[PDB]
Amino acid sequence: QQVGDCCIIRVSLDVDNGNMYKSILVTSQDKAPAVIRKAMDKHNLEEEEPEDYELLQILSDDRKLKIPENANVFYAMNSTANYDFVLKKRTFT
């Protein structure tokens, strides 16, 4: 469908309540650590690396999903849901 294949996802940080929800475009080969590079540069959180951050997709108002380091975001997200993404740190949890 269409030339290539890309979409815009919404990325919030691991905060709690509403925040500075950022938005970025993802392409077929879009890797977890890639989406994070964008989302991170956006949030000015160079303090840490991309590798130290989980990519989570939010489906329901409680049901979240997890994206591996190379799962083509375009193909690793719950389509039936919304393109909402959380950037979480790989803290001791």
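Residues numbered from 1 in each chain as written, not as in the entry; some residues may be left out. Heavy atoms only, no water.

Per the deposited record, determination of this structure is attributed to solution NMR.

## Digging into the overall build of the protein
For clarity, the cut-off: Helix and strand labels come from DSSP, where a helix needs a run of H or I of at least four residues and a strand needs a run of E of at least two; each type is numbered from the N terminus. Note on method: radius of gyration uses C-alpha positions; expected globular size equals 2.2 Å times residues raised to 0.38. The rule is simple: take the accessible area with a 1.4 Å probe, protein chains only, and divide by the maximum for that residue type; under 20% is buried, over 50% is exposed, in between is partly exposed. It only takes one pair of heavy atoms within 4.5 Å for two residues to be counted as in contact. In this description, accessible areas are obtained by the Shrake-Rupley approach with a 1.4 Å probe, and a residue is regarded as covered only by the protein chains that are shown. Positive charges come from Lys and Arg, negative ones from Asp and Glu, while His and the chain ends are left out of the count. To locate a charge, take atom NZ for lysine, CZ for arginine, CG for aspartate or CD for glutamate.
Secondary structure assignment for the protein yields 2 helices and 5 strands. Ordered by position in the sequence, the α and β elements of the protein form the string β-β-α-β-β-α-β. For the protein, whose C-alpha radius of gyration is 13 Å, the value lies close to the compact-globule estimate of 12 Å for 93 residues. Overall size of the protein, expressed as C-alpha extent along the three principal axes, is 40 × 30 × 25 Å. Across the 93 residues in the protein, those meeting the buried criterion constitute 35%. When contacts within the protein are restricted to residue pairs at least 6 apart in sequence, those whose partners lie at least 24 apart make up 50%. For the protein, the computed accessible surface area is about 6500 Å², with 46% contributed by carbon and sulfur atoms. Within the protein, the 16 negative side-chain charges are centred at a point lying 2 Å from the centre of the 12 positive side-chain charges.

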